[PDB]
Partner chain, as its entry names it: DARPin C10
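For reference, the chain that follows is the form solved without its partner chain, supplied as structure tokens.
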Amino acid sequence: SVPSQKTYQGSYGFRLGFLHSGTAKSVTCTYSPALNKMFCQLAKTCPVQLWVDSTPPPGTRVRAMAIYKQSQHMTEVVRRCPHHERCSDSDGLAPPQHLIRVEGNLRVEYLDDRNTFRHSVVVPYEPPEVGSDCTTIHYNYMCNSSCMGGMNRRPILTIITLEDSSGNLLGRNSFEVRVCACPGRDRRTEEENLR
């Protein structure tokens, strides 16, 4: 099952916002607007912002499912490497099978598809408080893109979508992700190599 990777801005204007940390070597995570690719570190927190043109009704569902960049590999699911699942890195809320987890927000749920084994995270839409223009969610990648077996050295595309309490598509966006140990280094291997 290949999810609809269509840029659905919708009426609410579901735009994706990321922090521009730069091309510094010493960084936990950085986003490249040159290729719409986000570079993250292992087990590090990645702040993602929801640039909604129109404020959606509080209580909506933010669903995030990651697929592979390669079209022929989109039929596969992004999983962990051989020595990672049996690591027992579960805190009690986050399962050891899920690669993508949520931090900061205690309201975190994991949607495990039993049709194609699609691992996806789903969190309720948090109301933007004073000073918070864009809903910033903390996403944590518990694996690297080079992790053999799972990602197997393949770039992934994380589909961030926003559905209502029932499941109506209000907005859907997507971006490429590359998780390693040095975002600044790997960024210079792609972005600085395409310009």
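Residue numbers count along the first chain shown, from 1.
Form solved in complex with its partner chain: not shown, discussed below.
Taking the partner from elsewhere, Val52 is found to have a heavy atom lying within 4.5 Å of its partner chain in the entry with it bound. With a 4.5 Å cutoff on heavy atoms, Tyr31 counts as touching its partner chain in the entry with it bound. If you take 7 to 46 and check each residue for a heavy atom within 4.5 Å of its partner chain in the entry with it bound, you get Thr7, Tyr8, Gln9, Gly10, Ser11, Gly13, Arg15, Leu16, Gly17, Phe18, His20, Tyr31, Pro33, in sequence order.
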